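> Pasting in a structure now, in structure tokens, and then I'll have a few things to ask.
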Amino acid sequence: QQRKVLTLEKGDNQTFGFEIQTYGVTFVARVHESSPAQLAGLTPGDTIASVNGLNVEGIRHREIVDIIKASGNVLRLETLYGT
Amino acid sequence: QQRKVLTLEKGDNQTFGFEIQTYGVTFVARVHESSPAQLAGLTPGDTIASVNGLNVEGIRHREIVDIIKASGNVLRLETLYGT
Amino acid sequence: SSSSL
Amino acid sequence: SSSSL
């Protein structure tokens, strides 16, 4: 459908529960069950547009990953139906 | 690395064990453990170039999927390191 | 969309 | 490459 806003909140020693891949756009390859990501509504196929309010279209994979690793246990994302 | 050729062989009522996504290229979003795909050497991040000898760059997702569903229990693929 | 195979 | 998060 249209856009999609969501907030993930995790445990202090656990993961958000999703994998991403980048081609050239960045999208969700996998979402673990019962993870903050699934419970939040993340779905394989979604594409990452913003992270904590920042757009990522111009950033490289390792960077995006770095931002997410440094976001503490809360995470605000914005995705768009990919495929 | 360079190319990568592989052959998957499955059970008669089981799956090959992998998911694919297409953007616009088609690549492996997930590979289940102990599946013909993993044991064959398929890796998340790989991109599908050919299926049973046919190139897919010009084919749509549902088609690619259809070809694989009709390939019986054996499957010959060719992938290239994606990301 | 992701497809299982 | 796929990254877990």
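For the record, the sequence lines run as chains A, A', B and B'. A prime marks a further copy of an entry chain. Mapped onto the authors' numbering, the consecutive letters of the first sequence carry residue numbers 96 to 119, 131 to 189. Mapped onto the authors' numbering, the consecutive letters of the second sequence carry residue numbers 96 to 119, 131 to 189. Mapped onto the authors' numbering, the consecutive letters of the third sequence carry residue numbers 190 to 194. Mapped onto the authors' numbering, the consecutive letters of the fourth sequence carry residue numbers 190 to 194. C-beta: ideal position from N, C-alpha, C; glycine also.
Starting from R98 of chain A', follow the alpha helix (DSSP H) in both directions and report where the run begins and ends.
Segment: none, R98 of chain A' is in no alpha helix (DSSP H) and carries neither H nor E.
> Distance check for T117 of chain A' and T132 of chain A, CA to CA, integer angstroms please.
Answer to the nearest angstrom: the Cα atoms are 12 Å apart.
> At a Cβ cut of 8 Å, what residues of the stretch 149-179 of chain A count as close to chain B, listed as they run along the chain?
Taking 8 Å as the Cβ-Cβ cut-off against chain B, the residues of the stretch 149-179 of chain A that qualify are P150 and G151.
> Taking only beta-carbon positions, decide if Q109 of chain A is within less than 8 Å of chain B'.
No, its Cβ sits nowhere closer than 8 Å to a Cβ of chain B'.
> Pick out whichever of A:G164, A:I165 and A:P142 has its Cα sitting closest to the Cα of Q109 of chain A.
Measuring from the Cα of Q109 of chain A, the nearest candidate turns out to be A:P142.
> With a threshold of 7 Å, establish whether the CB of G159 of chain A neighbours any heavy atom of the ligand NAP.
As far as ligands go, the structure on display features none, and thus does not contain the ligand NAP.
> Please report whether the beta-carbon of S190 of chain B lies at a distance below 8 Å from any beta-carbon of chain A.
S190 of chain B counts as touching chain A.
> Please classify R136 of chain A as buried or exposed, where buried requires at least 16 neighbouring CB atoms within 10 angstroms.
Answer is buried; the Cβ neighbour count reaches 16.
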